[PDB]
Each structure stands twice: as structure tokens, then as C-alpha cells.
Amino acid sequence: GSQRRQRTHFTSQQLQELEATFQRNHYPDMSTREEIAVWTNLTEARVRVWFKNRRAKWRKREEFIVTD
């Protein structure tokens, strides 16, 4: 098949809830991936793919580092 809308698997609003919930949860699971997807019109696979790409991008950006 193919996509019903011209989107890069996310919207400019969904990406904000993903990078916000990434602050409270750095490693979501089947239950927590669904918890964020449920009110953002996503599925757990979109969340898993996004967090996988975000960890790979975080390491170039150094968005969080432990200072202790």
C-alpha cells in the first residue's frame, strides 16, 4: 500500500509530544509507547522508530549529558 497524506511519518505537532515524553521516559516499552501514541494519533511502532532515531541523533547533538 501507500500513505493517505503527504507526511514524513509524523507531523510538526506529534514530534513535540515525542521529544517532551522523551524527557520523562528515556526507554519506553510496549505499554508506554502505546501510552503516548493513544492521544497523538500514532502507533507503538512509530514511537519505537522515533526513539531509535532520536537516540542515534542525540549522540551528535549531546542534548542530555550526566554532570554528576
# chains A, B, ... in the order shown; residues from 1 in each chain; ligands from 1
$ residues_around --residues "residue 46 of chain A" --least-positions-apart "6" --cutoff "9 Å" --atoms "only C-alpha atoms" --output "MDAnalysis selection string"
chainID A and resid 9:10 33 37
$ residues_around --residues "residue 34 of chain A" --least-positions-apart "5" --cutoff "9 Å" --atoms "only C-alpha atoms" --output "list in words"
residues 29, 42, 43, 44, 45 and 47 of chain A
$ closest_residue --among "A:31, A:23, A:40, A:67" --to "residue 11 of chain A" --atoms "only C-alpha atoms"
A:40
$ closest_residue --among "A:55, A:36, A:68, A:48" --to "residue 14 of chain A" --atoms "only C-alpha atoms"
A:36
$ atom_distance --atom1 "atom CA of residue 50 of chain A" --atom2 "atom CA of residue 38 of chain A"
15.3 Å
$ atom_distance --atom1 "atom CA of residue 32 of chain A" --atom2 "atom CA of residue 18 of chain A"
11.7 Å
$ select_by_dssp --residues "chain A" --states "alpha helix (DSSP H)" --output "PyMOL selection string"
chain A and resi 14-24+30-37+44-61
$ atom_distance --atom1 "atom CA of residue 51 of chain A" --atom2 "atom CA of residue 6 of chain A"
21.8 Å
$ closest_residue --among "A:52, A:60, A:15, A:8" --to "residue 27 of chain A" --atoms "only C-alpha atoms"
A:52
$ decode --residues "segment 17-66 of chain A" --atoms "N, CA and C atoms" --output "JSON list (two decimals), in the first residue's frame"
[["chain", "number", "residue", "atom", "x", "y", "z"],
["A", 17, "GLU", "N", 5.33, 16.22, 21.17],
["A", 17, "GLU", "CA", 4.91, 15.31, 22.24],
["A", 17, "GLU", "C", 5.90, 14.15, 22.41],
["A", 18, "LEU", "N", 6.52, 13.70, 21.31],
["A", 18, "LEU", "CA", 7.59, 12.71, 21.31],
["A", 18, "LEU", "C", 8.84, 13.24, 22.03],
["A", 19, "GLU", "N", 9.35, 14.42, 21.68],
["A", 19, "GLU", "CA", 10.53, 14.97, 22.37],
["A", 19, "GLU", "C", 10.25, 15.49, 23.79],
["A", 20, "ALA", "N", 9.00, 15.79, 24.13],
["A", 20, "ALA", "CA", 8.58, 16.08, 25.50],
["A", 20, "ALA", "C", 8.49, 14.80, 26.36],
["A", 21, "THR", "N", 7.87, 13.72, 25.87],
["A", 21, "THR", "CA", 7.76, 12.47, 26.64],
["A", 21, "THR", "C", 9.11, 11.74, 26.76],
["A", 22, "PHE", "N", 10.04, 11.98, 25.83],
["A", 22, "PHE", "CA", 11.44, 11.55, 25.90],
["A", 22, "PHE", "C", 12.17, 12.09, 27.14],
["A", 23, "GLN", "N", 11.70, 13.20, 27.73],
["A", 23, "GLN", "CA", 12.29, 13.76, 28.96],
["A", 23, "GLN", "C", 11.86, 13.00, 30.23],
["A", 24, "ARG", "N", 10.60, 12.55, 30.31],
["A", 24, "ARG", "CA", 10.05, 11.74, 31.42],
["A", 24, "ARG", "C", 10.36, 10.25, 31.28],
["A", 25, "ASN", "N", 10.56, 9.77, 30.05],
["A", 25, "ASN", "CA", 10.82, 8.37, 29.73],
["A", 25, "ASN", "C", 11.88, 8.27, 28.63],
["A", 26, "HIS", "N", 13.09, 7.84, 28.98],
["A", 26, "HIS", "CA", 14.22, 7.71, 28.05],
["A", 26, "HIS", "C", 14.26, 6.34, 27.33],
["A", 27, "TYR", "N", 13.40, 5.39, 27.72],
["A", 27, "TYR", "CA", 13.40, 4.00, 27.24],
["A", 27, "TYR", "C", 11.99, 3.35, 27.32],
["A", 28, "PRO", "N", 11.00, 3.84, 26.54],
["A", 28, "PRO", "CA", 9.64, 3.33, 26.60],
["A", 28, "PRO", "C", 9.53, 1.89, 26.07],
["A", 29, "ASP", "N", 8.50, 1.18, 26.55],
["A", 29, "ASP", "CA", 8.19, -0.23, 26.29],
["A", 29, "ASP", "C", 6.83, -0.36, 25.59],
["A", 30, "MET", "N", 6.38, -1.55, 25.22],
["A", 30, "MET", "CA", 5.08, -1.76, 24.55],
["A", 30, "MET", "C", 3.90, -1.04, 25.25],
["A", 31, "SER", "N", 3.94, -0.91, 26.58],
["A", 31, "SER", "CA", 2.87, -0.26, 27.35],
["A", 31, "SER", "C", 2.99, 1.27, 27.32],
["A", 32, "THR", "N", 4.20, 1.82, 27.44],
["A", 32, "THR", "CA", 4.47, 3.27, 27.44],
["A", 32, "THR", "C", 4.53, 3.87, 26.04],
["A", 33, "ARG", "N", 5.03, 3.14, 25.04],
["A", 33, "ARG", "CA", 4.94, 3.52, 23.62],
["A", 33, "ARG", "C", 3.49, 3.72, 23.19],
["A", 34, "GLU", "N", 2.58, 2.81, 23.58],
["A", 34, "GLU", "CA", 1.15, 3.00, 23.35],
["A", 34, "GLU", "C", 0.58, 4.18, 24.15],
["A", 35, "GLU", "N", 0.98, 4.35, 25.42],
["A", 35, "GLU", "CA", 0.51, 5.45, 26.29],
["A", 35, "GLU", "C", 0.65, 6.83, 25.64],
["A", 36, "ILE", "N", 1.76, 7.11, 24.94],
["A", 36, "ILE", "CA", 1.98, 8.39, 24.25],
["A", 36, "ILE", "C", 1.28, 8.42, 22.88],
["A", 37, "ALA", "N", 1.19, 7.28, 22.20],
["A", 37, "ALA", "CA", 0.60, 7.16, 20.86],
["A", 37, "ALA", "C", -0.93, 7.33, 20.86],
["A", 38, "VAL", "N", -1.57, 6.99, 21.98],
["A", 38, "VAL", "CA", -3.02, 6.90, 22.19],
["A", 38, "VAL", "C", -3.76, 8.23, 21.99],
["A", 39, "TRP", "N", -3.12, 9.36, 22.30],
["A", 39, "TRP", "CA", -3.69, 10.71, 22.17],
["A", 39, "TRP", "C", -2.97, 11.59, 21.14],
["A", 40, "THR", "N", -2.02, 11.01, 20.40],
["A", 40, "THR", "CA", -1.23, 11.70, 19.36],
["A", 40, "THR", "C", -1.50, 11.17, 17.95],
["A", 41, "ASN", "N", -2.44, 10.23, 17.79],
["A", 41, "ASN", "CA", -2.77, 9.56, 16.52],
["A", 41, "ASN", "C", -1.57, 8.83, 15.87],
["A", 42, "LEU", "N", -0.81, 8.11, 16.70],
["A", 42, "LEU", "CA", 0.31, 7.24, 16.32],
["A", 42, "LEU", "C", 0.03, 5.77, 16.69],
["A", 43, "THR", "N", 1.00, 4.89, 16.45],
["A", 43, "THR", "CA", 1.04, 3.50, 16.95],
["A", 43, "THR", "C", 2.39, 3.22, 17.60],
["A", 44, "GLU", "N", 2.51, 2.17, 18.42],
["A", 44, "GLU", "CA", 3.73, 1.88, 19.19],
["A", 44, "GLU", "C", 4.99, 1.72, 18.32],
["A", 45, "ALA", "N", 4.84, 1.24, 17.08],
["A", 45, "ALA", "CA", 5.93, 1.10, 16.12],
["A", 45, "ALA", "C", 6.50, 2.46, 15.68],
["A", 46, "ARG", "N", 5.65, 3.47, 15.45],
["A", 46, "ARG", "CA", 6.07, 4.86, 15.17],
["A", 46, "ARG", "C", 6.90, 5.41, 16.32],
["A", 47, "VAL", "N", 6.43, 5.21, 17.56],
["A", 47, "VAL", "CA", 7.15, 5.66, 18.76],
["A", 47, "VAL", "C", 8.50, 4.93, 18.90],
["A", 48, "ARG", "N", 8.53, 3.61, 18.70],
["A", 48, "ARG", "CA", 9.77, 2.80, 18.75],
["A", 48, "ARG", "C", 10.80, 3.28, 17.72],
["A", 49, "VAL", "N", 10.37, 3.51, 16.48],
["A", 49, "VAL", "CA", 11.20, 4.03, 15.38],
["A", 49, "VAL", "C", 11.71, 5.44, 15.69],
["A", 50, "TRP", "N", 10.85, 6.31, 16.22],
["A", 50, "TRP", "CA", 11.23, 7.68, 16.56],
["A", 50, "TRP", "C", 12.28, 7.72, 17.67],
["A", 51, "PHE", "N", 12.07, 7.00, 18.77],
["A", 51, "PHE", "CA", 13.03, 6.92, 19.89],
["A", 51, "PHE", "C", 14.36, 6.28, 19.47],
["A", 52, "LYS", "N", 14.34, 5.32, 18.54],
["A", 52, "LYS", "CA", 15.55, 4.70, 17.97],
["A", 52, "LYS", "C", 16.37, 5.72, 17.17],
["A", 53, "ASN", "N", 15.71, 6.46, 16.29],
["A", 53, "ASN", "CA", 16.34, 7.55, 15.53],
["A", 53, "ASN", "C", 16.80, 8.69, 16.45],
["A", 54, "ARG", "N", 16.03, 9.02, 17.49],
["A", 54, "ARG", "CA", 16.35, 10.12, 18.41],
["A", 54, "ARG", "C", 17.57, 9.82, 19.27],
["A", 55, "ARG", "N", 17.75, 8.58, 19.73],
["A", 55, "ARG", "CA", 18.99, 8.14, 20.42],
["A", 55, "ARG", "C", 20.21, 8.23, 19.51],
["A", 56, "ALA", "N", 20.07, 7.82, 18.25],
["A", 56, "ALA", "CA", 21.14, 7.92, 17.26],
["A", 56, "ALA", "C", 21.51, 9.38, 16.90],
["A", 57, "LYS", "N", 20.54, 10.30, 16.92],
["A", 57, "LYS", "CA", 20.74, 11.75, 16.69],
["A", 57, "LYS", "C", 21.22, 12.50, 17.94],
["A", 58, "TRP", "N", 20.76, 12.09, 19.12],
["A", 58, "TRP", "CA", 21.13, 12.66, 20.43],
["A", 58, "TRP", "C", 22.65, 12.65, 20.62],
["A", 59, "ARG", "N", 23.31, 11.56, 20.23],
["A", 59, "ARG", "CA", 24.76, 11.37, 20.38],
["A", 59, "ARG", "C", 25.62, 12.35, 19.57],
["A", 60, "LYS", "N", 25.08, 12.94, 18.49],
["A", 60, "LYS", "CA", 25.72, 14.03, 17.72],
["A", 60, "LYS", "C", 25.44, 15.41, 18.31],
["A", 61, "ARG", "N", 24.27, 15.58, 18.93],
["A", 61, "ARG", "CA", 23.74, 16.85, 19.48],
["A", 61, "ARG", "C", 24.11, 17.10, 20.95],
["A", 62, "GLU", "N", 24.38, 16.02, 21.69],
["A", 62, "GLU", "CA", 24.61, 15.96, 23.14],
["A", 62, "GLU", "C", 23.51, 16.67, 23.95],
["A", 63, "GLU", "N", 22.24, 16.39, 23.59],
["A", 63, "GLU", "CA", 21.04, 17.05, 24.15],
["A", 63, "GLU", "C", 20.92, 16.92, 25.67],
["A", 64, "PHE", "N", 21.29, 15.75, 26.20],
["A", 64, "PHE", "CA", 21.45, 15.45, 27.62],
["A", 64, "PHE", "C", 22.79, 14.75, 27.87],
["A", 65, "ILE", "N", 23.48, 15.15, 28.94],
["A", 65, "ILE", "CA", 24.73, 14.57, 29.46],
["A", 65, "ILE", "C", 24.66, 14.61, 30.99],
["A", 66, "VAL", "N", 25.12, 13.55, 31.67],
["A", 66, "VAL", "CA", 25.15, 13.48, 33.14],
["A", 66, "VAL", "C", 26.34, 14.30, 33.67]]
